[PDB]
file model-v7.cif (mmCIF, C-alpha atoms)
data_model
#
loop_
_atom_site.label_atom_id
_atom_site.label_comp_id
_atom_site.auth_asym_id
_atom_site.auth_seq_id
_atom_site.Cartn_x
_atom_site.Cartn_y
_atom_site.Cartn_z
CA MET A 1 95.34 -88.41 53.20
CA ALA A 2 95.05 -86.25 56.30
CA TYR A 3 91.20 -86.28 56.58
CA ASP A 4 88.67 -89.13 56.71
CA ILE A 5 85.23 -88.46 55.24
CA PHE A 6 82.32 -90.91 55.55
CA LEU A 7 78.90 -90.84 53.91
CA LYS A 8 76.16 -93.05 55.34
CA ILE A 9 73.24 -93.39 52.91
CA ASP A 10 70.07 -95.22 53.94
CA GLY A 11 69.73 -98.31 51.78
CA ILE A 12 73.02 -97.61 49.95
CA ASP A 13 75.92 -99.26 51.74
CA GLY A 14 79.47 -98.48 50.87
CA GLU A 15 82.59 -100.45 51.54
CA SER A 16 84.44 -98.82 54.44
CA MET A 17 86.20 -101.07 56.92
CA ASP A 18 86.45 -98.35 59.59
CA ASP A 19 85.21 -99.50 62.99
CA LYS A 20 82.90 -96.53 63.53
CA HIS A 21 81.75 -96.27 59.89
CA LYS A 22 81.69 -99.81 58.65
CA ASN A 23 79.95 -100.21 55.27
CA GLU A 24 79.66 -96.46 54.76
CA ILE A 25 81.02 -94.71 51.68
CA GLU A 26 84.54 -93.34 51.91
CA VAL A 27 84.42 -89.89 50.33
CA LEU A 28 87.29 -88.29 48.43
CA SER A 29 85.75 -84.77 48.37
CA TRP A 30 82.39 -83.01 48.62
CA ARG A 31 80.75 -79.61 48.29
CA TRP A 32 77.39 -77.83 48.50
CA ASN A 33 76.21 -74.29 49.11
CA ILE A 34 73.29 -72.19 50.27
CA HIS A 35 72.66 -68.92 48.47
CA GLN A 36 70.21 -66.15 47.66
CA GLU A 37 67.58 -67.23 45.17
CA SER A 38 68.03 -64.60 42.46
CA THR A 39 67.75 -66.67 39.30
CA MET A 40 63.99 -67.17 39.05
CA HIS A 41 61.31 -64.49 38.84
CA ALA A 42 59.13 -63.97 41.88
CA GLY A 43 56.04 -65.76 40.61
CA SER A 44 57.95 -68.87 39.60
CA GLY A 45 57.15 -72.34 40.92
CA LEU A 46 59.96 -72.84 41.24
CA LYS A 50 63.81 -66.73 50.01
CA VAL A 51 66.91 -68.89 49.89
CA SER A 52 67.96 -72.08 48.13
CA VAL A 53 70.53 -74.86 48.23
CA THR A 54 72.51 -76.84 45.64
CA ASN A 55 72.81 -80.60 45.51
CA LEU A 56 75.42 -82.35 47.56
CA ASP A 57 78.25 -83.08 45.09
CA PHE A 58 80.68 -85.77 46.23
CA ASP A 59 83.43 -87.96 44.74
CA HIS A 60 84.30 -91.52 45.67
CA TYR A 61 86.18 -94.46 44.23
CA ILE A 62 83.84 -96.73 42.31
CA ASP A 63 82.78 -99.14 45.00
CA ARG A 64 79.95 -101.25 46.43
CA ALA A 65 77.60 -98.24 46.52
CA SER A 66 77.98 -97.46 42.82
CA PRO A 67 75.43 -99.91 41.31
CA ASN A 68 72.88 -98.85 43.92
CA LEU A 69 73.53 -95.14 43.40
CA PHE A 70 72.93 -95.84 39.69
CA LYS A 71 69.76 -97.82 40.47
CA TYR A 72 68.29 -95.12 42.76
CA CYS A 73 69.15 -92.47 40.17
CA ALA A 74 67.33 -94.29 37.38
CA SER A 75 64.32 -95.04 39.58
CA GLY A 76 64.14 -91.78 41.57
CA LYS A 77 63.61 -93.68 44.83
CA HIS A 78 63.50 -91.46 47.92
CA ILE A 79 66.28 -91.69 50.51
CA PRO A 80 65.13 -90.85 54.09
CA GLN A 81 68.50 -89.61 55.36
CA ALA A 82 72.24 -89.46 54.77
CA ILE A 83 75.00 -88.52 57.21
CA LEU A 84 78.28 -86.96 56.11
CA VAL A 85 81.05 -86.97 58.73
CA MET A 86 84.54 -85.46 58.49
CA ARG A 87 87.40 -86.00 60.94
CA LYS A 88 91.14 -85.44 61.17
CA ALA A 89 92.97 -88.66 60.37
CA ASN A 92 92.87 -87.87 67.21
CA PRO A 93 89.72 -89.28 65.59
CA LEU A 94 87.08 -86.80 66.83
CA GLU A 95 84.57 -86.23 64.04
CA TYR A 96 84.51 -82.49 64.36
CA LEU A 97 82.07 -82.02 61.45
CA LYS A 98 78.71 -83.62 60.61
CA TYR A 99 75.93 -82.90 58.10
CA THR A 100 72.63 -84.78 58.39
CA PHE A 101 70.57 -84.53 55.20
CA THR A 102 67.02 -85.79 54.78
CA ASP A 103 64.68 -86.56 51.89
CA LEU A 104 67.26 -87.10 49.18
CA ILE A 105 67.18 -88.16 45.54
CA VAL A 106 70.19 -89.32 43.53
CA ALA A 107 70.29 -86.72 40.77
CA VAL A 108 73.59 -87.49 38.99
CA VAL A 109 75.92 -90.50 38.80
CA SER A 110 79.08 -89.92 36.78
CA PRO A 111 81.65 -92.74 36.73
CA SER A 112 85.01 -92.51 35.02
CA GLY A 113 88.30 -94.36 34.78
CA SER A 114 91.91 -94.04 33.69
CA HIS A 115 94.87 -96.36 33.23
CA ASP A 116 96.72 -93.78 35.36
CA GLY A 117 97.05 -94.51 39.09
CA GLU A 118 95.60 -91.25 40.32
CA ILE A 119 92.09 -90.84 38.92
CA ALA A 120 91.91 -94.69 38.98
CA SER A 121 88.17 -95.61 38.82
CA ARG A 122 86.10 -92.90 40.51
CA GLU A 123 82.62 -91.46 40.38
CA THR A 124 81.02 -88.07 40.94
CA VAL A 125 77.56 -88.15 42.51
CA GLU A 126 74.95 -85.49 43.12
CA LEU A 127 72.22 -85.96 45.73
CA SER A 128 69.45 -83.45 46.10
CA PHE A 129 68.22 -82.88 49.64
CA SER A 130 65.42 -80.84 51.10
CA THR A 131 66.84 -80.39 54.63
CA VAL A 132 70.31 -80.19 56.14
CA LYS A 133 71.51 -79.92 59.73
CA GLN A 134 75.15 -79.34 60.57
CA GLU A 135 76.93 -80.02 63.86
CA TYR A 136 80.42 -78.73 64.61
CA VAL A 137 82.37 -79.84 67.70
CA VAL A 138 84.87 -77.26 68.97
CA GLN A 139 87.95 -78.85 70.58
CA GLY A 146 84.40 -79.04 73.78
CA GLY A 147 80.73 -78.46 72.96
CA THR A 148 78.67 -78.53 69.74
CA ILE A 149 77.31 -75.71 67.58
CA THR A 150 74.35 -76.80 65.47
CA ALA A 151 72.10 -75.25 62.86
CA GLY A 152 69.71 -76.68 60.32
CA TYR A 153 67.11 -75.70 57.79
CA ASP A 154 64.25 -77.31 55.86
CA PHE A 155 64.07 -75.85 52.36
CA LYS A 156 60.74 -77.50 51.52
CA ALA A 157 58.91 -75.96 54.46
CA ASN A 158 61.29 -72.94 54.55
CA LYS A 159 61.89 -73.29 58.27
CA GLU A 160 64.73 -73.84 60.73
CA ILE A 161 65.02 -77.30 62.30
#
call {"tool": "encode", "arguments": {"input": "model-v7.cif", "output": "structure tokens"}}
result
Amino acid sequence: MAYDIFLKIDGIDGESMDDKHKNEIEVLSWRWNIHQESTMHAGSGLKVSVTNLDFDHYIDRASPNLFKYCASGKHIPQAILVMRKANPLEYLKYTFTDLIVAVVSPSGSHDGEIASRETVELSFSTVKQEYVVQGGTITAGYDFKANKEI
């Protein structure tokens, strides 16, 4: 509807026809969070921690390869998530690195909404976000493997 969301995954093309994001994945919705690590005791393997990136898309050209990477555990160097108002300025960008496909969850319905869609979880060890005020860019990033800003 009113917002376009694109996900560019190294080695995992999507289907988008957009001029700026051709063959990226068109994303229906997405979420992730950073939070205090209070679950695990202090000596545990296993300070702050991050969830996976959870996103939804229509089942599309990326789906068999998301499945394949999930079953094999193959490492993904980077992925770029961009969101813009459908004025095209992509005001929001997350650049993730060192990802694994942790969950692939397809589903379908005879009903028009729902259709054939697929929830996906990607773990990532680093994230960097860029916001463009409308203007100038605010940026911040962190590496959760090294526990360091980037």
call {"tool": "resolve_selection", "arguments": {"input": "model-v7.cif", "expression": "the PyMOL selection byres ((chain A and resi 149) around 12)", "output": "PyMOL selection string"}}
result
chain A and resi 96-99+133-139+146-148+150-152
call {"tool": "resolve_selection", "arguments": {"input": "model-v7.cif", "expression": "the PyMOL selection byres ((chain A and resi 76) around 12)", "output": "count of residues only"}}
result
19
call {"tool": "atom_distance", "arguments": {"input": "model-v7.cif", "atom1": "CA of residue 59 in chain A", "atom2": "CA of residue 22 in chain A"}}
result
18.4 Å
call {"tool": "resolve_selection", "arguments": {"input": "model-v7.cif", "expression": "the PyMOL selection byres ((chain A and resi 63) around 12)", "output": "number ranges by chain"}}
result
A: 12-16, 23-27, 59-62, 64-70, 111, 120-124
call {"tool": "residues_around", "arguments": {"input": "model-v7.cif", "residues": "residue 153 in chain A", "least_positions_apart": "6", "cutoff": "7 Å", "atoms": "all atoms listed in the file", "output": "PDB file with C-alpha atoms, keeping the file's coordinate frame"}}
result
ATOM      1  CA  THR A 131      66.840 -80.390  54.630  1.00  0.00           C
ATOM      2  CA  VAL A 132      70.310 -80.190  56.140  1.00  0.00           C
ATOM      3  CA  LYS A 133      71.510 -79.920  59.730  1.00  0.00           C
ATOM      4  CA  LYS A 159      61.890 -73.290  58.270  1.00  0.00           C
ATOM      5  CA  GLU A 160      64.730 -73.840  60.730  1.00  0.00           C
ATOM      6  CA  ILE A 161      65.020 -77.300  62.300  1.00  0.00           C
TER       7      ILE A 161
END
call {"tool": "axis_aligned_box", "arguments": {"input": "model-v7.cif", "around": "range 124-149 of chain A", "padding_each_side": "8 Å", "output": "JSON"}}
result
{"center_x": 76.7, "center_y": -81.9, "center_z": 57.4, "size_x": 38.5, "size_y": 28.4, "size_z": 48.8}
call {"tool": "closest_residue", "arguments": {"input": "model-v7.cif", "among": "A:100, A:18, A:54, A:45", "to": "residue 33 in chain A", "atoms": "all atoms listed in the file"}}
result
A:54
call {"tool": "atom_distance", "arguments": {"input": "model-v7.cif", "atom1": "CA of residue 112 in chain A", "atom2": "CA of residue 58 in chain A"}}
result
13.8 Å
call {"tool": "atom_distance", "arguments": {"input": "model-v7.cif", "atom1": "CA of residue 156 in chain A", "atom2": "CA of residue 130 in chain A"}}
result
5.8 Å
call {"tool": "closest_residue", "arguments": {"input": "model-v7.cif", "among": "A:1, A:42, A:9, A:125", "to": "residue 101 in chain A", "atoms": "all atoms listed in the file"}}
result
A:9
call {"tool": "closest_residue", "arguments": {"input": "model-v7.cif", "among": "A:57, A:118, A:83, A:10", "to": "residue 31 in chain A", "atoms": "all atoms listed in the file"}}
result
A:57
call {"tool": "closest_residue", "arguments": {"input": "model-v7.cif", "among": "A:34, A:2, A:110, A:129", "to": "residue 81 in chain A", "atoms": "all atoms listed in the file"}}
result
A:129
call {"tool": "closest_residue", "arguments": {"input": "model-v7.cif", "among": "A:44, A:36, A:114, A:29", "to": "residue 6 in chain A", "atoms": "only C-alpha atoms"}}
result
A:29
